[PDB]
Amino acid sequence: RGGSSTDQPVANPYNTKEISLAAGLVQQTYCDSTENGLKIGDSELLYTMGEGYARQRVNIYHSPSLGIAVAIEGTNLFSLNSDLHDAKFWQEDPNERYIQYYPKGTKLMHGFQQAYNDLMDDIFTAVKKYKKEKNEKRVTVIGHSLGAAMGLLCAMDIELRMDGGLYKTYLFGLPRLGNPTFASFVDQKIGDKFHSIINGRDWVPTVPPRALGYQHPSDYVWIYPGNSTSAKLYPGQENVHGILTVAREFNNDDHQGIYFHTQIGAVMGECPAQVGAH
C-alpha cells in the first residue's frame, strides 16, 4: 500500500474503439441531453439528469458494446487548482449508505463524494430501470475530470451494491480520489474492469497531491504526445516512469483534448459529441 510501481511501461492493451466511444459518451454530458433518440457512436441516449451547475450532468445510454453506460460530466462546480486547505479536499469516511462494503480506514475526498452522493439514488434508479427495459446485464461507468473521480466512486458502488455488479469503467483525466486503502481496494474489486486514460501534459491526475494522503489505483494508459495515437500502459499504482517524467502544463488544453480520435472538449467542445471525428 502507498508505494510507487517502478516496473517498465508496456504496450497499450485496451480496446481503443471502446475508449473512443466512451470519450464521446462523456463529452455529450457537457451538452443538453433531453433530445429523444440521440445516437453517439453505437449508443442511444436514454435519459439525463443534472445540468452542470448544481450537480454534474449524468447521461444513461444503451450500447451494444458497453451495455447500460452511465456517463458523468466533470465541469468546474469547484476548481481543483484552488486553495487545498478547503473542506472540498479533506479526506472523510465512506458515506453510511456503503461504508459497510469498504475496508476499515478507507478515506475519500469530500468534494467528489458529496457530489456523487447528490446523484447516487437517481443513478441507481435509472440504471435499474433501463437494465430491465433493455434486458441488459452489463453496466459501464464513464467520467471525465471531476466526473471521472465521481465515476470511480460510482463504478465501485455499482460493483459493491448493485445486482450484476460492474462491466467496465473508462475514466478520462482522473483526479485522485481516495487514500492508499481505497486505491488498493479498487485494484482488488474492479482492477480488471478499470481503465484510466491520461492525455499529454494534463495536470488533473496530479491533484489532489499524494502529500495529502491520496493514491491512484493501479494502471493508466498515457497518450504521449498529447492527442496522438501513441500510448503505453504504466502498471501498478503511481508509476514512477509515467506522467511526472514530462512537465505538466497548467491549463486545460490536453485535459480537454483528443482521446483516440474523439474530442472531450468540455463546455466549449463539440455538441453533440462526435465519436471518431478527429
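Don't overthink the numbering: it's just position in the shown sequence, from 1.
Asks: Of 29 to 37 and 222 to 230, which one has the bigger average CA B-factor?
Replies: 29 to 37 has the higher mean C-alpha B-factor.
Asks: Given the B-factors recorded for C-alpha atoms, which segment has the greater mean, 93 to 101 or 177 to 185?
Replies: Here the higher of the two C-alpha B-factor means belongs to 93 to 101.
Asks: Sort the modelled residues of this chain by their C-alpha B factor and say whether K17 lands in the lowest, middle or highest third.
Replies: Top third by C-alpha B-factor.
Asks: Going by what the PDB entry lists, where does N239 fall on CA B-factor within its chain: lowest, middle or highest third?
Replies: Middle third.
Asks: Name the third of the chain's ranked CA B-factors that contains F78, choosing lowest, middle or highest.
Replies: Highest third - that is where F78 ends up once the chain's C-alpha B-factors are sorted.
Asks: Where does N251 sit by CA temperature factor within its chain: lowest, middle or highest third?
Replies: As the PDB entry reports it, the C-alpha B-factor of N251 lands in the highest third of its chain.
Asks: Where does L212 sit by CA temperature factor within its chain: lowest, middle or highest third?
Replies: Middle third - that is where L212 ends up once the chain's C-alpha B-factors are sorted.
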